[PDB]
Amino acid sequence: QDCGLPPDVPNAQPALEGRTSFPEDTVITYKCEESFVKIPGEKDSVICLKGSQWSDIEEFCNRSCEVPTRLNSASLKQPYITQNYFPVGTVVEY
Amino acid sequence: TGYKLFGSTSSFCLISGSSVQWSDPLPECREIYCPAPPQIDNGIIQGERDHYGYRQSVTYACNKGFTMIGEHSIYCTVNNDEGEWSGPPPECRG
Amino acid sequence: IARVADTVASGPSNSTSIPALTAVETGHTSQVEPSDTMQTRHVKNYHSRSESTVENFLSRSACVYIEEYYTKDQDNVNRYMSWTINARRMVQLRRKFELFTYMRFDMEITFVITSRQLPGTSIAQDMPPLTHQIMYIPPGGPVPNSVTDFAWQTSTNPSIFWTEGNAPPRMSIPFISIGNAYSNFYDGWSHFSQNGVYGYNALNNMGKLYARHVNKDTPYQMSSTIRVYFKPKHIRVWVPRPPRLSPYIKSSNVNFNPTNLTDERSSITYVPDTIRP
Amino acid sequence: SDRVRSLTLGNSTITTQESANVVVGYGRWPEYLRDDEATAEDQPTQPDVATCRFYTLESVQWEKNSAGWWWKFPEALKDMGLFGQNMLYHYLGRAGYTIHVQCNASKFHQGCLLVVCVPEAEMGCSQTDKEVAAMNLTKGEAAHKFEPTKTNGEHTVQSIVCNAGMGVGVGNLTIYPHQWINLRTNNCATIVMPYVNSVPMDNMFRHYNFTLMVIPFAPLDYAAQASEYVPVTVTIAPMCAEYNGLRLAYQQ
Amino acid sequence: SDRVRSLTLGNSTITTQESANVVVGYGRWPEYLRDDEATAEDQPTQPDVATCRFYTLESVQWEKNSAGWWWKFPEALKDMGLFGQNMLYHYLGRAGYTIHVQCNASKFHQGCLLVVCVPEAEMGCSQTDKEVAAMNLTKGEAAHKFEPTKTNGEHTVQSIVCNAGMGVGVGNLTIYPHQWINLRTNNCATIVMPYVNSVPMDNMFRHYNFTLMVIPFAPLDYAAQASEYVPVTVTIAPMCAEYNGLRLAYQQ
Ligand SMILES: CCCCCCCCCCCC(=O)O
């Protein structure tokens with residue numbers, strides 16, 4: 001009644017730390033890989049269900065820019081000031 | 001440069017049965033790969049790849065709110081039949 | 001005379017003339033000028049390419065060799081100089097000559113001979129002026145095996161006798177090559193079986209040059225250093241080629257180590273900000 | 001239309017519908033040796049159409065990772081019809097040559113080759129401490145290829161492209177008779193090389209007058225289902241071929 | 001081949017390999033004001049190459065649902081180099097302009113734009129009971145766009161395409177200096193507009209001499225995996241620029 005290793009999610013690595021067997025109800029959160037940020041509102045985690053079955057999960061990571069560049073002359077305006085999801089095409093204002 | 005030889009370093013044209021034949025077969029030159037680039041605290045790698053060979057590079061990017069300390073990129077150097085990154089990855093100060 | 005092209009005054013344009021558009025595939029280098037892609041003013045250009053002449057470029061004395069020879073016969077020190085003439089041991093001049101495949105010219109050879117007295121505790125002397133002898137030995141001539149060899153008789157071989165203090169000895173020589181032009185590069189062999197020597201040394205043979213002190217002997221050990229200088233004149237060059245990129249390793253071949261095409265930089269868009277008020 | 005062109009030498013004829021003019025050596029066109037420049041007193045032989053014709057060499061495949069190729073003449077034509085026979089039986093030779101490199105693809109493929117003729121292309125060794133072997137310089141109509149990385153061979157040529165195996169910059173090879181084969185505009189490249197040497201004539205086995213190098217500056221690329229086989233064929237025809245010093249054939 | 005053309009004004013040059021001739025205003029070509037038609041007694045200034053050059057404006061993206069765009073000059077060039085500086089410091093102005101709209105795709109894309117220059121393109125308001133605001137008529141090099149449906153804005157322009165925001169039929173805009181950009185044959189459009197006005201000169205901030213409209217009659221379309229980004233860039237260069245009434249720069 002123990003789940004094995006979480007499924008494989010593209011561009012994401014599950015935070016095992018650093019177990020092997022996950023008891024039922026065990027909630028594993030996936031972290032997006034470098035150059036990737038979690039798409040807001042999307043499922044980024046799974047859970048060990050009955051039958052040693054992990055919940056379902058799919059790609060939740062889109063390519064994104066690093067946090068905007070820190071400048072001496074200008075500071076970021078809201079909400080960019082606290083954003084981390086900058087998909088290609090994102091335009092920020094200082 | 002960037003490839004490691006696998007097999008014989010030479011061959012002789014010896015007499016083989018009814019004719020002259022090369023003593024050793026052609027060797028193999030397999031791509032030298034650098035070790036997985038290092039992940040850095042509060043930063044990512046832009047367009048991270050599967051493998052990295054001679055002269056290929058990896059460019060880092062600090063997350064939002066962090067500042068880059070060091071060169072943006074490193075490069076796979078291949079002295080000497082073993083692959084090695086040019087230097088240490090940049091660092092991200094918050 | 002060797003003046004540069006002037007810039008014709010050009011005005012607005014709007015036609016089917018496409019001087020800016022071309023195709024490098026043809027192997028043809030665009031002959032466009034500023035007046036073809038913008039409005040220009042008339043400019044009487046008086047600049048001259050007089051110093052870009054192959055003559056003015058190569059006609060400058062450049063060191064090609066240097067050796068040291070002693071006076072006294074102590075230890076295993078050479079008392080005379082020997083040298084298989086060629087300009088492949090001095091990267092500077094060698095790189096210029098190699099800008100072209102073939103060369104033809106006369107040459108002015110100058111020698112800078114200087115002497116000295118080796119260190120010692122008790123070396124009080126009073127040696128008269130040192131006289132030197134430089135002898136050229138074309139391929140085949142008898143070579144001296146000592147500072148007293150009969151070969152130094154210079155019966156027919158050209159030779160120079162110079163005494164220190166006077167102006168450095170000099171003398172001109174014509175176009176020696178047995179070919180119609182000197183060859184800086186020879187992608188061939190010395191033997192028909194495609195083996196033996198490969199390249200320059202396979203055909204070039206300007207002979208040898210020997211030097212020595214005509215003075216019998218010195219109380220205490222002394223040495224002299226002769227520096228040979230070449231200055232081609234009445235120059236002619238053919239087939240230009242890519243300048244040497246990799247450092248020179250051997251003076252007998254073109255061996256080299258994989259060198260970078262050029263220096264590096266941050267990125268293709270990197271340009272240093274030099275304006276910071 | 002200057003795109004289409006036709007070449008006729010001997011019993012051979014080449015056709016093109018996508019060429020880019022014709023480069024003529026250093027402005028000169030092949031010509032027989034004049035009396036006021038000759039040295040060999042014996043009357044030379046001029047097979048003409050017998051040796052001055054188009055000889056096609058083994059084709060080569062251009063791949064997304066190809067670094068380049070190179071041939072050495074007249075050596076590479078030692079086994080080509082009567083042109084090779086005269087090389088064996090004669091001590092001295094002299095020829096022009098009309099290099100014609102073919103390579104077609106499609107409006108959907110991309111890449112750019114650099115067809116160049118390098119006179120006296122003296123090359124270096126992989127191991128700077130050793131020498132090179134003729135076998136590694138030129139091997140008949142079989143082409144030697146450049147490598148995107150350093151070589152290690154004992155008596156091999158430093159095939160690393162960036163230095164063209166001469167210790168120079170590849171981007172400067174444009175100073176030699178050349179043409180490019182930009183697939184989006186080209187289809188072939190022709191170069192008429194005149195006899196270039198510091199001597200009226202010379203041996204054709206011992207001396208490699210010039211080297212033909214085909215180095216791609218724009219990697220071959222294409223999409224899926226697009227012909228992956230893109231060959232590069234080289235054709236060359238001697239011009240004003242003269243021979244002197246007739247004797248017993250040379251045993252290769 | 002009349003397909004290829006080159007334009008040179010000042011230190012700027014435009015190239016084209018797929019154009020369709022050049023429309024020259026109403027048969028006239030830009031010219032300086034003559035003495036028998038001048039009014040301003042002060043000697044005008046003619047920066048020439050300083051202001052008469054190609055100025056590229058912010059590019060625009062053509063989408064399968066794009067309805068059109070429009071710019072107003074000389075207002076749109078108020079912040080363009082020295083041409084804009086002379087507008088500030090002078091009371092009167094006069095210029096020609098060479099409109100050059102670029103837009104390339106591929107033999108697999110399709111669409112047709114209508115590049116037109118409408119003199120005195122007085123436009124109407126969304127709410128027929130109210131008036132329009134300059135801010136909604138022209139906003140610098142930033143283009144205003146037409147909508148496939150009716151607008152509602154308070155002081156906005158009736159962007160509904162079918163009426164071109166003028167209360168007329170779009171199919172009749174061909175009565176103004178124009179050209180089309182039929183991707184299957186074109187690649188750009190050039191129009192040389194001569195100074196058109198009921199006065200020798202006029203203010204360049206208060207008056208919008210003409211409006212450039214780019215309305216697509218053939219919707220942009222293509223198959224899968226075909227570049228979806230098809231930008232439309234507008235470049236314009238003043239001609240025979242004259243200025244009168246020099247005074248303190250105008251605060252925008
Ligand atoms: C009397 C001294 C004679 C010296 C002969 C020097 C000849 C130099 C020839 C250089 C050939 C070359 O650089 O390719």
# chains A, B, ... in the order shown; residues from 1 in each chain; ligands from 1

$ residues_near_ligand --ligand "ligand 1" --cutoff "9 Å" --atoms "only C-alpha atoms and all ligand atoms" --output "PyMOL selection string"
chain C and resi 85-88+94+97-98+101-107+109+135-138+157-159+171-177+181-185+200+204-209+230+232

$ closest_atom_pairs --of "chain E" --to "chain C" --cutoff "12 Å" --atoms "only C-alpha atoms" --output "CSV"
residue,atom,partner,partner_atom,distance
E:1,CA,C:16,CA,7.8
E:2,CA,C:16,CA,6.2
E:3,CA,C:16,CA,7.9
E:4,CA,C:16,CA,5.9
E:5,CA,C:16,CA,4.2
E:6,CA,C:14,CA,5.8
E:7,CA,C:14,CA,4.5
E:8,CA,C:13,CA,4.6
E:9,CA,C:12,CA,5.0
E:10,CA,C:39,CA,5.3
E:11,CA,C:38,CA,5.0
E:12,CA,C:38,CA,6.2
E:13,CA,C:37,CA,6.1
E:14,CA,C:37,CA,9.0
E:15,CA,C:21,CA,7.9
E:16,CA,C:18,CA,9.0
E:17,CA,C:21,CA,9.2
E:18,CA,C:16,CA,11.3
E:19,CA,C:16,CA,10.2
E:20,CA,C:16,CA,11.3
E:21,CA,C:16,CA,9.4
E:22,CA,C:14,CA,9.0
E:23,CA,C:14,CA,11.7
E:24,CA,C:14,CA,11.3
E:29,CA,C:14,CA,11.9
E:48,CA,C:12,CA,10.4
E:49,CA,C:39,CA,7.7
E:50,CA,C:39,CA,11.0
E:52,CA,C:12,CA,9.5
E:53,CA,C:12,CA,9.5
E:54,CA,C:38,CA,11.2
E:98,CA,C:14,CA,10.1
E:100,CA,C:14,CA,11.8
E:190,CA,C:14,CA,10.4
E:191,CA,C:14,CA,11.3
E:192,CA,C:14,CA,10.2
E:237,CA,C:12,CA,11.2
E:238,CA,C:12,CA,11.7
E:239,CA,C:12,CA,9.7
E:240,CA,C:12,CA,11.0

$ closest_residue --among "A:18, A:79, A:23, A:68" --to "residue 47 (chain A)" --atoms "only C-alpha atoms"
A:23

$ interface_residues --of "chain E" --to "chain D" --cutoff "12 Å" --atoms "only C-alpha atoms" --output "CSV table (one decimal) with C-alpha atoms, in the first residue's frame"
chain,number,residue,atom,x,y,z
E,1,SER,CA,13.8,43.2,-64.2
E,106,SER,CA,6.1,33.2,-48.6
E,107,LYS,CA,4.8,31.4,-51.7
E,225,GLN,CA,3.9,24.9,-39.3

$ atom_distance --atom1 "CA of residue 185 (chain D)" --atom2 "CA of residue 56 (chain D)"
23.4 Å
